[PDB]
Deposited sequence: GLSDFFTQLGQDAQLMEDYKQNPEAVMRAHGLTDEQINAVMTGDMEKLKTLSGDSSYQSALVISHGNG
């Protein structure tokens, strides 16, 4: 649900432009809950992951 939507949105310029116009409308149409929408609107990435389920350093400066 949430995962499939994000995946498609990030790939489809058509849907992306649709999202830009009306985020809530598009999200609600893809069956995102109110809490999921709220998280998006408030930009609480943390919650988004919690509602979905479940280090990025690949280098150093010590030579």
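query = Which bits of the deposited sequence have no atoms placed for their C-alpha?
reply = Going by the record, the one segment left unmodelled (no C-alpha atoms) falls at 55-59.
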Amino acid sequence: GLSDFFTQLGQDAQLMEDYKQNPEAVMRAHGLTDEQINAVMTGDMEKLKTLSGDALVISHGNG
From here on, numbers count along this sequence of modelled residues.
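request  = Name the higher of the two by mean Cα B-factor in the PDB entry, 42-50 versus 16-24.
outcome  = 42-50 has the higher mean C-alpha B-factor.
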